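K.L.:
Got a file for you: entry_20.txt, compact mmCIF, C-alpha atoms and all ligand atoms.
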```txt
# COMPACT_ATOMS: atom_id res chain seq x y z
CA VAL A 1128 -13.58 17.85 29.84
CA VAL A 1129 -10.27 15.93 29.57
CA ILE A 1130 -9.19 14.66 32.98
CA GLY A 1131 -5.52 15.31 33.69
CA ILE A 1132 -4.75 17.92 31.03
CA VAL A 1133 -1.79 20.24 31.58
CA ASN A 1134 -0.78 23.75 30.49
CA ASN A 1135 1.83 24.49 27.83
CA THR A 1136 2.35 26.28 24.52
CA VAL A 1137 2.73 24.76 21.05
CA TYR A 1138 5.21 26.20 18.58
CA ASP A 1139 3.91 27.09 15.11
CA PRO A 1140 6.50 26.86 12.30
CA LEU A 1141 4.56 29.14 9.94
CA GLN A 1142 3.80 32.11 12.19
CA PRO A 1143 7.29 33.60 12.79
CA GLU A 1144 8.41 32.71 9.26
CA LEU A 1145 5.51 34.60 7.65
CA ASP A 1146 5.52 37.40 10.22
CA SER A 1147 9.20 38.32 9.84
CA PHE A 1148 8.97 38.24 6.04
CA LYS A 1149 5.70 40.20 5.87
CA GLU A 1150 7.40 43.21 7.50
CA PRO B 1079 -16.86 8.80 -3.51
CA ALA B 1080 -15.07 12.04 -4.40
CA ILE B 1081 -15.37 15.83 -4.40
CA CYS B 1082 -14.31 18.03 -7.32
CA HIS B 1083 -13.64 21.67 -6.47
CA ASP B 1084 -11.13 23.14 -8.96
CA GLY B 1085 -11.73 20.56 -11.67
CA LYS B 1086 -9.64 18.19 -9.53
CA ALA B 1087 -10.85 15.18 -7.57
CA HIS B 1088 -10.31 15.15 -3.81
CA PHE B 1089 -10.23 11.84 -1.93
CA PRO B 1090 -10.26 11.39 1.86
CA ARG B 1091 -7.01 10.48 3.56
CA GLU B 1092 -8.75 8.25 6.13
CA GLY B 1093 -12.53 8.35 6.36
CA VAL B 1094 -15.70 8.77 4.33
CA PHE B 1095 -17.61 11.76 2.99
CA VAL B 1096 -21.07 12.31 4.46
CA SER B 1097 -23.73 14.93 3.74
CA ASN B 1098 -26.47 15.71 6.25
CA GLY B 1099 -28.64 17.31 3.56
CA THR B 1100 -27.06 20.74 3.09
CA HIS B 1101 -23.31 20.60 3.73
CA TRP B 1102 -20.58 17.99 3.29
CA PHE B 1103 -18.25 16.65 5.98
CA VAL B 1104 -15.61 13.95 6.36
CA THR B 1105 -16.01 11.40 9.14
CA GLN B 1106 -14.27 8.39 10.59
CA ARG B 1107 -15.74 5.03 9.75
CA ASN B 1108 -16.75 3.57 13.13
CA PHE B 1109 -18.02 6.74 14.84
CA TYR B 1110 -19.79 9.95 13.85
CA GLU B 1111 -17.46 12.95 14.14
CA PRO B 1112 -18.01 15.32 11.21
CA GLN B 1113 -15.46 17.97 10.34
CA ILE B 1114 -15.09 20.77 7.81
CA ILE B 1115 -13.62 19.51 4.54
CA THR B 1116 -10.30 21.33 4.48
CA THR B 1117 -7.27 20.68 2.26
CA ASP B 1118 -5.30 18.91 5.01
CA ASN B 1119 -7.30 15.67 5.41
CA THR B 1120 -7.78 15.03 1.67
CA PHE B 1121 -5.42 14.36 -1.22
CA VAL B 1122 -5.72 15.18 -4.91
CA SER B 1123 -5.11 12.87 -7.86
CA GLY B 1124 -6.45 12.87 -11.41
CA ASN B 1125 -8.95 14.99 -13.29
CA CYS B 1126 -12.66 15.62 -12.72
CA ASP B 1127 -14.05 13.28 -15.39
CA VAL B 1128 -12.55 9.85 -14.69
CA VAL B 1129 -14.42 8.81 -11.55
CA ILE B 1130 -18.05 7.70 -11.34
CA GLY B 1131 -20.51 9.39 -9.01
CA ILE B 1132 -18.52 12.51 -8.15
CA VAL B 1133 -20.29 15.57 -6.77
CA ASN B 1134 -19.71 19.34 -6.85
CA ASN B 1135 -18.51 21.20 -3.77
CA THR B 1136 -15.85 23.61 -2.56
CA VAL B 1137 -13.01 22.72 -0.19
CA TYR B 1138 -12.10 25.05 2.67
CA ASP B 1139 -8.63 26.59 2.71
CA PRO B 1140 -7.14 27.62 6.09
CA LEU B 1141 -4.09 29.56 4.87
CA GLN B 1142 -5.75 31.72 2.21
CA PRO B 1143 -8.00 33.95 4.39
CA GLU B 1144 -5.46 34.17 7.22
CA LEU B 1145 -2.66 35.30 4.92
CA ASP B 1146 -4.79 37.49 2.65
CA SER B 1147 -6.20 39.43 5.59
CA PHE B 1148 -2.72 39.86 7.07
CA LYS B 1149 -0.84 40.61 3.84
CA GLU B 1150 -3.06 43.67 3.35
CA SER C 884 -23.00 -4.78 4.46
CA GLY C 885 -19.31 -5.64 4.06
CA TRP C 886 -17.85 -7.14 7.23
CA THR C 887 -19.97 -5.04 9.60
CA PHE C 888 -22.62 -7.76 9.99
CA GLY C 889 -20.31 -9.95 12.06
CA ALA C 890 -19.61 -7.56 14.93
CA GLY C 891 -23.03 -5.98 15.36
CA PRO C 892 -26.05 -4.86 13.35
CA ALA C 893 -25.55 -4.78 9.60
CA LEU C 894 -24.75 -1.41 8.02
CA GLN C 895 -25.54 -0.80 4.36
CA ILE C 896 -22.77 0.54 2.13
CA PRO C 897 -22.23 0.88 -1.65
CA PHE C 898 -20.17 -1.91 -3.17
CA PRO C 899 -17.45 0.20 -4.88
CA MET C 900 -16.72 1.83 -1.53
CA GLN C 901 -16.35 -1.64 -0.02
CA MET C 902 -13.82 -2.59 -2.70
CA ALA C 903 -12.01 0.71 -2.14
CA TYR C 904 -11.73 -0.13 1.56
CA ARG C 905 -10.42 -3.59 0.74
CA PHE C 906 -7.68 -2.19 -1.51
CA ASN C 907 -6.85 0.33 1.21
CA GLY C 908 -6.44 -2.60 3.57
CA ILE C 909 -3.53 -4.09 1.62
CA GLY C 910 -1.65 -0.82 1.14
CA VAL C 911 -3.08 0.42 -2.17
CA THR C 912 -4.72 3.84 -2.03
CA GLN C 913 -8.30 4.48 -3.10
CA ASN C 914 -7.26 6.42 -6.19
CA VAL C 915 -6.74 3.17 -8.09
CA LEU C 916 -10.12 1.44 -8.03
CA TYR C 917 -12.12 4.54 -8.92
CA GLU C 918 -10.20 4.69 -12.19
CA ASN C 919 -9.84 0.99 -12.98
CA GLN C 920 -13.37 -0.03 -11.94
CA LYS C 921 -14.41 -1.22 -15.41
CA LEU C 922 -11.28 -3.32 -15.92
CA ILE C 923 -11.56 -4.79 -12.42
CA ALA C 924 -15.20 -5.76 -12.96
CA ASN C 925 -14.37 -7.36 -16.31
CA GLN C 926 -11.53 -9.40 -14.79
CA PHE C 927 -13.72 -10.52 -11.88
CA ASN C 928 -16.48 -11.65 -14.22
CA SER C 929 -14.04 -13.53 -16.46
CA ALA C 930 -12.50 -15.38 -13.51
CA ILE C 931 -15.86 -16.28 -11.98
CA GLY C 932 -16.90 -17.59 -15.39
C1 LIG D 1201 -4.02 26.85 32.53
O1 LIG D 1201 -4.20 28.23 32.18
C2 LIG D 1201 -5.56 28.67 32.26
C3 LIG D 1201 -5.58 30.10 31.77
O2 LIG D 1201 -5.39 30.17 30.37
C4 LIG D 1201 -6.07 28.52 33.70
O3 LIG D 1201 -7.44 28.89 33.75
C5 LIG D 1201 -7.61 29.91 34.75
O4 LIG D 1201 -6.57 29.86 35.73
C6 LIG D 1201 -6.68 30.89 36.73
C7 LIG D 1201 -5.45 30.77 37.61
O5 LIG D 1201 -4.29 31.22 36.93
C8 LIG D 1201 -7.99 30.73 37.50
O6 LIG D 1201 -8.11 31.79 38.44
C9 LIG D 1201 -9.16 30.76 36.53
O7 LIG D 1201 -10.37 30.49 37.23
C10 LIG D 1201 -8.97 29.72 35.42
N1 LIG D 1201 -10.05 29.81 34.46
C11 LIG D 1201 -10.64 28.74 33.91
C12 LIG D 1201 -11.74 29.01 32.93
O8 LIG D 1201 -10.29 27.59 34.20
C13 LIG D 1201 -5.89 27.09 34.17
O9 LIG D 1201 -6.23 26.99 35.55
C14 LIG D 1201 -4.45 26.63 33.97
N2 LIG D 1201 -4.29 25.24 34.36
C15 LIG D 1201 -4.14 24.84 35.62
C16 LIG D 1201 -4.00 23.36 35.84
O10 LIG D 1201 -4.14 25.64 36.56
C1 LIG D 1202 -26.48 20.18 8.28
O1 LIG D 1202 -25.30 20.73 8.87
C2 LIG D 1202 -25.17 22.15 8.67
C3 LIG D 1202 -23.84 22.56 9.26
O2 LIG D 1202 -23.37 23.78 8.69
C4 LIG D 1202 -26.36 22.88 9.30
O3 LIG D 1202 -26.27 24.27 8.99
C5 LIG D 1202 -26.28 25.04 10.20
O4 LIG D 1202 -27.46 24.79 10.98
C6 LIG D 1202 -27.50 25.52 12.22
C7 LIG D 1202 -28.75 25.09 12.95
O5 LIG D 1202 -29.73 26.11 12.94
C8 LIG D 1202 -27.47 27.02 11.94
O6 LIG D 1202 -27.43 27.73 13.17
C9 LIG D 1202 -26.26 27.38 11.09
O7 LIG D 1202 -26.31 28.75 10.72
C10 LIG D 1202 -26.22 26.52 9.83
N1 LIG D 1202 -25.03 26.81 9.05
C11 LIG D 1202 -25.04 27.62 7.98
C12 LIG D 1202 -23.73 27.81 7.29
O8 LIG D 1202 -26.07 28.16 7.59
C13 LIG D 1202 -27.67 22.32 8.77
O9 LIG D 1202 -28.76 22.90 9.48
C14 LIG D 1202 -27.71 20.80 8.92
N2 LIG D 1202 -28.93 20.26 8.34
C15 LIG D 1202 -29.86 19.63 9.06
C16 LIG D 1202 -31.05 19.14 8.30
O10 LIG D 1202 -29.74 19.46 10.27
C1 LIG D 1203 -19.85 20.96 -11.51
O1 LIG D 1203 -19.35 22.23 -11.93
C2 LIG D 1203 -18.83 22.24 -13.27
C3 LIG D 1203 -18.30 23.63 -13.52
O2 LIG D 1203 -17.20 23.93 -12.68
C4 LIG D 1203 -19.91 21.82 -14.26
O3 LIG D 1203 -19.34 21.73 -15.57
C5 LIG D 1203 -20.15 22.46 -16.50
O4 LIG D 1203 -21.51 22.55 -16.06
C6 LIG D 1203 -22.37 23.29 -16.94
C7 LIG D 1203 -23.73 23.35 -16.28
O5 LIG D 1203 -23.78 22.50 -15.14
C8 LIG D 1203 -22.40 22.62 -18.31
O6 LIG D 1203 -23.19 23.40 -19.20
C9 LIG D 1203 -20.99 22.46 -18.86
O7 LIG D 1203 -21.02 21.72 -20.07
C10 LIG D 1203 -20.10 21.75 -17.85
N1 LIG D 1203 -18.74 21.66 -18.34
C11 LIG D 1203 -17.94 20.62 -18.10
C12 LIG D 1203 -16.56 20.69 -18.68
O8 LIG D 1203 -18.32 19.65 -17.44
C13 LIG D 1203 -20.51 20.48 -13.87
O9 LIG D 1203 -21.60 20.16 -14.71
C14 LIG D 1203 -20.99 20.52 -12.42
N2 LIG D 1203 -21.52 19.23 -12.02
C15 LIG D 1203 -22.82 19.03 -11.78
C16 LIG D 1203 -23.20 17.64 -11.37
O10 LIG D 1203 -23.65 19.93 -11.88
```
Hey, can you dump this file as structure tokens for me?
Ligand SMILES: *[C@@H]1O[C@H](CO)[C@@H](O[C@@H]2O[C@H](CO)[C@@H](O)[C@H](O)[C@H]2NC(C)=O)[C@H](O)[C@H]1NC(C)=O
Ligand SMILES: *[C@@H]1O[C@H](CO)[C@@H](O[C@@H]2O[C@H](CO)[C@@H](O)[C@H](O)[C@H]2NC(C)=O)[C@H](O)[C@H]1NC(C)=O
Ligand SMILES: *[C@@H]1O[C@H](CO)[C@@H](O[C@@H]2O[C@H](CO)[C@@H](O)[C@H](O)[C@H]2NC(C)=O)[C@H](O)[C@H]1NC(C)=O
P.N.:
Amino acid sequence: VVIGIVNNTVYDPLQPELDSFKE
Amino acid sequence: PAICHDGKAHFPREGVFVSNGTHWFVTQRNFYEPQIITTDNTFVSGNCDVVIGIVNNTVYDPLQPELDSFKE
Amino acid sequence: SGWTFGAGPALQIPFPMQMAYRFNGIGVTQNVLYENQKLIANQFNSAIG
């Protein structure tokens, strides 16, 4: 619905930090 | 005016609490856009027995289910 | 109705919430009035007297 949107990814600070430690 | 979940009062960061009859949401003042009452758009201060007109409800937590399901 | 009756149709609202908004306007958070409501009301009444 938003006219002119683009494509990109957004970094999440929590995900790698709590995925590396959980292993 | 406030919501008390764990014996602690929760106040909106910017907006007003509104109940449609069954649930409770937080909305902006000049337009109707309800949202789930998480712990990110509210702040905690004081006990549960200092304010007047408080109600009883639970506040959603986004990290707890995500990290309890994964930590298993 | 607070200030909402100047722009468009009036919108009812409880008074303590209106005072909370007016403290929030000048940079004082809402967690002050909801505690000091009794003292604030007493001071207001004394001044208006
Ligand atoms: C941004 O990425 C999405 C995919 O996540 C694109 O959506 C699909 O794009 C493909 C082409 O790569 C099309 O064949 C599909 O029909 C698209 N599906 C939908 C539901 O739109 C999207 O096109 C990308 N953005 C742009 C501007 O191309
Ligand atoms: C008040 O809002 C709540 C939002 O959760 C409504 O509850 C949902 O209503 C839809 C409509 O049938 C159901 O499909 C959902 O399953 C309901 N949610 C839950 C958790 O049960 C509620 O109906 C609204 N009240 C009124 C009077 O409209
Ligand atoms: C909100 O929940 C709390 C409990 O977390 C209620 O506090 C107790 O409620 C029971 C029954 O409602 C009373 O018998 C106790 O005396 C209450 N204890 C305290 C310390 O308040 C509280 O009453 C609930 N609020 C409402 C409006 O029902």
K.L.:
Once you count only C-alpha atoms, which residues end up no further than 6 Å from (-5.6, 12.1, -3.0) in the file's frame, shown as a list in words?
P.N.:
residues 1088, 1089, 1120, 1121, 1122 and 1123 of chain B
K.L.:
Using all atoms listed in the file and a distance of at most 12 Å, pull out the residues of chain B that contact chain C, as a PDB file with C-alpha atoms, in the coordinates of the input.
P.N.:
```pdb
ATOM      1  CA  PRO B1079     -16.860   8.800  -3.510  1.00  0.00           C
ATOM      2  CA  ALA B1080     -15.070  12.040  -4.400  1.00  0.00           C
ATOM      3  CA  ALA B1087     -10.850  15.180  -7.570  1.00  0.00           C
ATOM      4  CA  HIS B1088     -10.310  15.150  -3.810  1.00  0.00           C
ATOM      5  CA  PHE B1089     -10.230  11.840  -1.930  1.00  0.00           C
ATOM      6  CA  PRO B1090     -10.260  11.390   1.860  1.00  0.00           C
ATOM      7  CA  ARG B1091      -7.010  10.480   3.560  1.00  0.00           C
ATOM      8  CA  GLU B1092      -8.750   8.250   6.130  1.00  0.00           C
ATOM      9  CA  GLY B1093     -12.530   8.350   6.360  1.00  0.00           C
ATOM     10  CA  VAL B1094     -15.700   8.770   4.330  1.00  0.00           C
ATOM     11  CA  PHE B1095     -17.610  11.760   2.990  1.00  0.00           C
ATOM     12  CA  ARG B1107     -15.740   5.030   9.750  1.00  0.00           C
ATOM     13  CA  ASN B1108     -16.750   3.570  13.130  1.00  0.00           C
ATOM     14  CA  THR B1120      -7.780  15.030   1.670  1.00  0.00           C
ATOM     15  CA  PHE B1121      -5.420  14.360  -1.220  1.00  0.00           C
ATOM     16  CA  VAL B1122      -5.720  15.180  -4.910  1.00  0.00           C
ATOM     17  CA  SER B1123      -5.110  12.870  -7.860  1.00  0.00           C
ATOM     18  CA  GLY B1124      -6.450  12.870 -11.410  1.00  0.00           C
ATOM     19  CA  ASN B1125      -8.950  14.990 -13.290  1.00  0.00           C
ATOM     20  CA  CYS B1126     -12.660  15.620 -12.720  1.00  0.00           C
ATOM     21  CA  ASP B1127     -14.050  13.280 -15.390  1.00  0.00           C
ATOM     22  CA  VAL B1128     -12.550   9.850 -14.690  1.00  0.00           C
ATOM     23  CA  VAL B1129     -14.420   8.810 -11.550  1.00  0.00           C
ATOM     24  CA  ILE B1130     -18.050   7.700 -11.340  1.00  0.00           C
ATOM     25  CA  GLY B1131     -20.510   9.390  -9.010  1.00  0.00           C
ATOM     26  CA  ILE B1132     -18.520  12.510  -8.150  1.00  0.00           C
TER      27      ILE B1132
END
```
K.L.:
Pick out the chain A residues within 12 Å of chain B. Count all atoms listed in the file. Give them as a PyMOL selection string.
P.N.:
chain A and resi 1141-1142+1145-1150
K.L.:
Kindly compute an axis-aligned box around the listed atoms of ligand LIG 1202 (chain D), allowing 3 Å on each side, and express its centre and edge lengths in Å to one decimal as JSON.
P.N.:
```
{"center_x": -27.2, "center_y": 23.9, "center_z": 10.2, "size_x": 13.7, "size_y": 15.6, "size_z": 11.9}
```
K.L.:
Throw together the list of residues within 12 Å of ligand LIG 1202 (chain D), counting all atoms listed in the file, and drop it here as a ChimeraX atom specification.
P.N.:
/B:1096-1103,1112-1115
K.L.:
Could you give me the residues within 8 Å of ligand LIG 1201 (chain D), counting all atoms listed in the file, as a ChimeraX atom specification?
P.N.:
/A:1132-1135
K.L.:
May I have the selected residues written with C-alpha atoms, as a PDB file, in the frame of the given file?
P.N.:
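Output file part_15.pdb follows:
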```pdb
ATOM      1  CA  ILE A1132      -4.750  17.920  31.030  1.00  0.00           C
ATOM      2  CA  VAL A1133      -1.790  20.240  31.580  1.00  0.00           C
ATOM      3  CA  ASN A1134      -0.780  23.750  30.490  1.00  0.00           C
ATOM      4  CA  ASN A1135       1.830  24.490  27.830  1.00  0.00           C
TER       5      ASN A1135
END
```
K.L.:
Could I see range 894-925 of chain C restored to N, CA and C atoms, set down as a short mmCIF file (atom, residue, chain, number, x, y, z; two decimals), in the coordinates of the input?
P.N.:
```
data_model
loop_
_atom_site.label_atom_id
_atom_site.label_comp_id
_atom_site.auth_asym_id
_atom_site.auth_seq_id
_atom_site.Cartn_x
_atom_site.Cartn_y
_atom_site.Cartn_z
N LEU C 894 -24.76 -2.80 8.45
CA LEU C 894 -24.75 -1.41 8.02
C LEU C 894 -24.59 -1.37 6.51
N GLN C 895 -25.59 -0.83 5.81
CA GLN C 895 -25.54 -0.80 4.36
C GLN C 895 -24.44 0.13 3.87
N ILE C 896 -23.91 -0.18 2.69
CA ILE C 896 -22.77 0.54 2.13
C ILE C 896 -22.68 0.22 0.64
N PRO C 897 -22.40 1.19 -0.22
CA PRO C 897 -22.23 0.88 -1.65
C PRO C 897 -21.05 -0.04 -1.89
N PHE C 898 -21.20 -0.91 -2.88
CA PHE C 898 -20.17 -1.91 -3.17
C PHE C 898 -18.83 -1.30 -3.59
N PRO C 899 -18.77 -0.34 -4.52
CA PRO C 899 -17.45 0.20 -4.88
C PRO C 899 -16.70 0.78 -3.70
N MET C 900 -17.40 1.37 -2.74
CA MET C 900 -16.72 1.83 -1.53
C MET C 900 -16.15 0.66 -0.74
N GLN C 901 -16.87 -0.46 -0.70
CA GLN C 901 -16.35 -1.64 -0.02
C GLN C 901 -15.07 -2.13 -0.68
N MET C 902 -15.04 -2.17 -2.02
CA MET C 902 -13.82 -2.59 -2.70
C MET C 902 -12.70 -1.58 -2.50
N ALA C 903 -13.03 -0.29 -2.42
CA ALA C 903 -12.01 0.71 -2.14
C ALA C 903 -11.41 0.48 -0.76
N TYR C 904 -12.24 0.19 0.23
CA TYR C 904 -11.73 -0.13 1.56
C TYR C 904 -10.83 -1.35 1.51
N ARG C 905 -11.21 -2.36 0.74
CA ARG C 905 -10.42 -3.59 0.74
C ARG C 905 -9.09 -3.42 0.01
N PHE C 906 -9.01 -2.55 -1.01
CA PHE C 906 -7.68 -2.19 -1.51
C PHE C 906 -6.90 -1.36 -0.50
N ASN C 907 -7.56 -0.45 0.20
CA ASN C 907 -6.85 0.33 1.21
C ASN C 907 -6.32 -0.54 2.33
N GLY C 908 -6.93 -1.70 2.54
CA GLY C 908 -6.44 -2.60 3.57
C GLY C 908 -5.07 -3.17 3.27
N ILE C 909 -4.78 -3.44 2.00
CA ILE C 909 -3.53 -4.09 1.62
C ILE C 909 -2.50 -3.08 1.12
N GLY C 910 -2.67 -1.81 1.44
CA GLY C 910 -1.65 -0.82 1.14
C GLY C 910 -1.72 -0.19 -0.23
N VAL C 911 -2.87 -0.25 -0.90
CA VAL C 911 -3.08 0.42 -2.17
C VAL C 911 -4.16 1.48 -1.97
N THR C 912 -3.84 2.72 -2.32
CA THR C 912 -4.72 3.84 -2.03
C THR C 912 -5.98 3.79 -2.90
N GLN C 913 -7.00 4.52 -2.45
CA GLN C 913 -8.30 4.48 -3.10
C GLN C 913 -8.29 5.07 -4.50
N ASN C 914 -7.26 5.81 -4.87
CA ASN C 914 -7.26 6.42 -6.19
C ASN C 914 -6.86 5.46 -7.27
N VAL C 915 -6.99 4.16 -7.05
CA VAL C 915 -6.74 3.17 -8.09
C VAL C 915 -8.03 2.55 -8.59
N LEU C 916 -8.88 2.12 -7.66
CA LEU C 916 -10.12 1.44 -8.03
C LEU C 916 -11.05 2.39 -8.78
N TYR C 917 -11.16 3.63 -8.31
CA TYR C 917 -12.12 4.54 -8.92
C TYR C 917 -11.78 4.86 -10.36
N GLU C 918 -10.54 4.60 -10.78
CA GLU C 918 -10.20 4.69 -12.19
C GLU C 918 -10.39 3.34 -12.88
N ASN C 919 -9.86 2.27 -12.29
CA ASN C 919 -9.84 0.99 -12.98
C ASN C 919 -11.05 0.12 -12.68
N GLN C 920 -12.18 0.73 -12.30
CA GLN C 920 -13.37 -0.03 -11.94
C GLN C 920 -13.84 -0.94 -13.07
N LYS C 921 -13.90 -0.42 -14.30
CA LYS C 921 -14.41 -1.22 -15.41
C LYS C 921 -13.52 -2.43 -15.66
N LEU C 922 -12.21 -2.22 -15.69
CA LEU C 922 -11.28 -3.32 -15.92
C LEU C 922 -11.37 -4.34 -14.79
N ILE C 923 -11.48 -3.88 -13.55
CA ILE C 923 -11.56 -4.79 -12.42
C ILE C 923 -12.82 -5.64 -12.51
N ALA C 924 -13.95 -5.01 -12.84
CA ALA C 924 -15.20 -5.76 -12.96
C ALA C 924 -15.10 -6.79 -14.08
N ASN C 925 -14.51 -6.42 -15.21
CA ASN C 925 -14.37 -7.36 -16.31
C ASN C 925 -13.52 -8.56 -15.90
#
```
